[PDB]
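Enquirer: chains from the complex, first installment, not repositioned:
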Amino acid sequence: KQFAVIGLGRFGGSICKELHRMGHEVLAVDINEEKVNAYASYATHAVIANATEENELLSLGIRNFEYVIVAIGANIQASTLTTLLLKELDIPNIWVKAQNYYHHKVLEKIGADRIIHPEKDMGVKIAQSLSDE
């Protein structure tokens, strides 16, 4: 019921739209103003903020959210830095989207609860569908 998604892109935006359809309260935060306006109606709360600043994260109230999904793409440093800040806020579950194998290793060692690799993870279940078909 209490979910937060950081980064409204192809992967992050899809999570907000799907969660909103199921009837869940989702907080969407993104630096780009156009992304927040587009997903303003698809999220319970839409915020234009920078996730790499610890002062803004406290203003949003991320510590309240049990699940935080960091879906920042094409900016690996922002994704790595955001998750490191979230552990200081003792977030119980942090789900991070990885970009490559090296980024996957860094996120694992800095304390990411679950690492998502949308291109690689989709292949291993498309292949599973082929066997079942």
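Expert: Thanks, I have it. Numbers count the residues shown, from 1 in each chain, chains lettered A, B, ... in the order given.
Enquirer: I would like the residues contacting stretch A:26-41, please.
Expert: Here stretch A:26-41 makes contact (CB atoms under 8 Å, 6 or more residues apart in numbering) with A:3-9, A:12-13, A:15-17, A:19-20, A:42-51, A:60, A:65. Bear in mind the C-beta positions are built from the backbone N, C-alpha and C, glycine included.
Enquirer: now a ChimeraX select for only the buried ones of those.
Expert: Burial among those is assessed by 16 or more other CB atoms under 10 Å; the matching ChimeraX selection reads:
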select /A:3,4,5,6,7,8,12,13,15,16,19,20,42,43,46,47,48,49,51,60,65
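Enquirer: let's see which of the contacts of stretch A:26-41 end up in strands.
Expert: Members of the contacts of stretch A:26-41 lying in strands (criterion: DSSP state E): A:3-6, A:45-48.
Enquirer: turn the residues you listed into JSON lines, columns for distance to residue A:24.
Expert: Shown next, in JSON lines, are the ones in strands among the contacts of stretch A:26-41 (distance: CB to CB, whole Å):
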{"residue": "A:3", "distance to residue A:24": "6"}
{"residue": "A:4", "distance to residue A:24": "11"}
{"residue": "A:5", "distance to residue A:24": "11"}
{"residue": "A:6", "distance to residue A:24": "16"}
{"residue": "A:45", "distance to residue A:24": "12"}
{"residue": "A:46", "distance to residue A:24": "15"}
{"residue": "A:47", "distance to residue A:24": "17"}
{"residue": "A:48", "distance to residue A:24": "21"}
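Enquirer: any idea which of the residues you listed is closest to residue A:90?
Expert: Residue A:90 lies nearest to residue A:4 out of these, by CB to CB, at 14.3 Å.
Enquirer: surely the closest one and residue A:63 touch.
Expert: No: with contacts counted by CB atoms under 8 Å, residue A:4 stays clear of residue A:63, the gap being 10.3 Å.
Enquirer: just the ones in strands among the contacts of stretch A:26-41 now: which is nearest residue A:81?
Expert: Nearest to residue A:81 among the ones in strands among the contacts of stretch A:26-41, counting by CB to CB, is residue A:6 at 11.4 Å.
Enquirer: could you also fit chain B onto it:
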Amino acid sequence: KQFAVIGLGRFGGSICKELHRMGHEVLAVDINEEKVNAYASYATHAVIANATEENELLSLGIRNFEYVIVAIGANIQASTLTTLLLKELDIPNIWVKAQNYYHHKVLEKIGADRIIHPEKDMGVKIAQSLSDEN
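Expert: Following on from the chains above, chain B is added here:
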């Protein structure tokens, strides 16, 4: 048992590796020679060919394969052109990886059996996992 994957990238390469682990015969075709060499051991047959040429597709024997997966990325025209050629070869099932919404619409109307959107489709099942995780 008879699968063909076109385009050995992040999405296409993952399918070949996973299918090979399960014990399936997979044909891997890619224009780039480095990709084919890397996945030569992970595929039953690895071929360096261009999927946009109908003469090369007949040489491989794609008509034999019941399932063909077009995993070409960052080259939308090659992905669109390859699937159009495959329908001429009366391929029963063609699975195509889409890049954006506009590419999804084009593939649907040209006769793609199943369209895959790895970034968008993963989000709708990650969100499903969140609900099931309470």
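Enquirer: near chain B at all, whichever helix in chain A runs longest?
Expert: The residue-count maximum for a helix in chain A (DSSP state H) belongs to helix A:118-132. Yes: contact of helix A:118-132 with chain B (CB under 8 Å from any CB of the partner chain) involves A:118-124, A:126-128, A:130-131.
Enquirer: which of the residues you listed are buried?
Expert: A:118-123, A:126-127, A:130 (16 or more other CB atoms under 10 Å in any protein chain shown).
Enquirer: ok so, going back, export only the CA atoms of the longest helix of chain A, formatted as CSV.
Expert: What follows is helix A:118-132, C-alpha atoms only, in CSV (Å, rounded to 0.1, in the frame of the first residue of the first chain):
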residue,chain,number,x,y,z
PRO,A,118,15.1,-5.6,-16.9
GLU,A,119,16.8,-6.6,-20.2
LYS,A,120,18.5,-9.7,-18.7
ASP,A,121,15.7,-10.7,-16.4
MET,A,122,13.1,-10.6,-19.2
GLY,A,123,15.2,-13.0,-21.3
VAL,A,124,15.4,-15.7,-18.6
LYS,A,125,11.5,-15.7,-18.4
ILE,A,126,10.9,-15.4,-22.1
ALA,A,127,13.1,-18.4,-22.5
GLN,A,128,11.1,-20.1,-19.8
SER,A,129,7.9,-19.3,-21.6
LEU,A,130,9.3,-21.0,-24.8
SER,A,131,9.9,-24.2,-22.9
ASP,A,132,6.4,-24.2,-21.4
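Enquirer: taking helix B:10-22 as reference, get the angle to that helix.
Expert: For helix A:118-132 against helix B:10-22, the angle by axes from the mean of the first three to the mean of the last three CA atoms, to 10 degrees is 40 degrees.
Enquirer: what does helix A:118-132 rub up against?
Expert: A:11, A:97, B:3, B:9-15, B:17-19, B:22, B:24, B:67, B:69, B:95, B:116, B:118-119, B:121-123 (CB atoms under 8 Å, 6 or more residues apart in numbering or on different chains).
Enquirer: picking up where we left off before, which among the residues of helix A:118-132 next to chain B gets closest to chain B?
Expert: Chain B has its nearest neighbour among these in residue A:123, at 2.6 Å by CB to the nearest CB.
Enquirer: can you slot in chain C too:
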Amino acid sequence: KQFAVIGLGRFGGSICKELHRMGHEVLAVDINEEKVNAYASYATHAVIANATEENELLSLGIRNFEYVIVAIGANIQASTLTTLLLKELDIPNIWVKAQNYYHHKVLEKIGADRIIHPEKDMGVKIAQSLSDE
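Expert: Chain C added:
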């Protein structure tokens, strides 16, 4: 007499201006509002619409037009998608502007009556002019 041009750019805009001079009824449709305003006086009907939506095409009345020219440039997917929709509307003649060799092949197989390659096609007639000169 009944012509429709989709995409008011360097190639599409030149067709509307030349046809208007000859005294022909031309319908101009383009997503960009500035392009439609600029060519509003150079076309019998100017419409701000998206050619990739089949609902808007029926509103314009494209099925009435015998000749439809798809002059969309720099957006290959929009050009490919528009021509595929037009064949559903049983348009007799569809002329499409191609961007590269791969786009030329796709348009040919999806049922484009005539494919135009302005950069390549101009070279083969400039060269012809050199021989005649």
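Enquirer: coming back round to it: I'd like the distance from the longest helix of chain A to the chain centre, please.
Expert: 22 Å (CA atoms, centre = their mean, to the nearest Å).
Enquirer: equivalent analysis for stretch A:48-58, please.
Expert: Between the centre of stretch A:48-58 and the centre of its chain there are 14 Å (CA atoms, centre = their mean).
Enquirer: where does residue A:66 fall, phi/psi-wise?
Expert: phi -80, psi -40 (degrees, to the nearest 10).
Enquirer: correct me, but it touches residue A:92?
Expert: Yes: contact status for residue A:66 versus residue A:92: in contact at 5.3 Å, counting by CB under 8 Å.
Enquirer: looking at these two, which is more packed in?
Expert: residue A:66 (14 against 9; other CB atoms under 10 Å in any protein chain shown).
Enquirer: measure that one to chain C for me?
Expert: Residue A:66 is 40 Å from chain C, where distance means CB to the nearest CB, to the nearest Å.
Enquirer: give the contact list for the closest residue to residue A:63 other than its chain neighbours.
Expert: Nearest non-adjacent residue to residue A:63, counting by CB to CB, 6 or more residues apart in numbering or on different chains: residue A:89, 4.9 Å away. By CB under 8 Å, 6+ apart, the contact list for residue A:89 reads A:57-58, A:62-63.
Enquirer: among these, which ones are buried?
Expert: Of these, these count as buried by 16+ other CB under 10 Å: A:57, A:62.
Enquirer: count the residues that sit near whichever residue of chain A sits closest to chain C.
Expert: Distance from chain C to each residue of chain A (CB to the nearest CB) is smallest for residue A:10, at 15.7 Å. Residue neighbour count, defined by other CB under 10 Å, stands at 18 for residue A:10.
Enquirer: so it touches residue A:72, yeah?
Expert: No: counting by CB under 8 Å, no contact exists between residue A:10 and residue A:72, whose distance comes to 11.8 Å.
Enquirer: and the residue nearest to residue A:63, its phi and psi?
Expert: Per degrees, to the nearest 10, the backbone of residue A:89 is at phi -80, psi 20.
Enquirer: quick one: contacts for the nearest residue to residue A:116 once chain neighbours are set aside?
Expert: Counting by CB to CB, 6+ apart, the nearest residue to residue A:116 once its immediate chain neighbours are dropped is residue A:97, at 4.8 Å. Neighbouring residues of residue A:97 by CB under 8 Å, 6+ apart: A:7, A:11-12, A:69-73, A:79, A:115-118.
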